[PDB]
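# Tertiary structure, described
Okay, here's what each chain looks like letter by letter:
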Amino acid sequence: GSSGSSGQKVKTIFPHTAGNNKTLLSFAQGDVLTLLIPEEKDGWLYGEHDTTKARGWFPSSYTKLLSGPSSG
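Residues numbered from 1 in each chain as written, not as in the entry; some residues may be left out. Heavy atoms only, no water.

The deposited coordinates for this entry were obtained by solution NMR.

Per the PDB entry, the recorded name for the chain is RIKEN cDNA 1300006M19, and the organism is Mus musculus. The title attached to this entry in the PDB is "Solution Structure of RSGI RUH-010, an SH3 Domain from Mouse cDNA".

Along the backbone of the chain there are 0 helices and 5 strands. For the chain, the α and β elements follow one another from N to C terminus as β-β-β-β-β. With respect to the three principal axes, the spread of C-alpha positions in the chain is 35 × 25 × 20 Å. Per-residue burial for the chain yields a buried fraction of 21% across its 72 residues. Contacts in the chain between residues far apart in sequence, at least 24 positions, make up 39% of those at least 6 positions apart. Just so you have it, the chain exposes about 5,100 Å², and 48% of that area is on carbon and sulfur atoms. (Helix = DSSP H or I, 4+ residues; strand = E, 2+ residues; numbered from the N terminus. Buried < 20%, exposed > 50% of the residue type's maximum accessible area, 1.4 Å probe, protein only. Contact = heavy atoms within 4.5 Å. Areas by Shrake-Rupley, 256 points an atom, 1.4 Å probe, with all protein chains shown as cover.)

Moving on, we get to the side chain of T63. Note on placement: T63 falls in strand β5 (residues 63-65). A polar contact of 3.2 Å, which involves the side chain of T63, links it to the backbone oxygen of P59. Residues in contact with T63, not counting those within four places in the same chain, are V10, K11, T12, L33 and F58. (Polar contact = N/O pair within 3.5 Å; in protein donor to acceptor, adjacent residues only side chain to side chain.)

Below you can see the structure in the form of structure tokens.
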């Protein structure tokens, strides 16, 4: 659902696979990732994958802020 403002959502505009590395999040362009930390790892941002259920590190540049919530 929706509860205030937290764990914003971002959308990947470009693909970026990890490749074994367990420090990068593997996803496809369009995939949505749930943010966890309001801060950024020096540009990089953290979140959770809406697939693998695992969380990785990705460049905020390779992600964009969604446009509206998604309650359901």
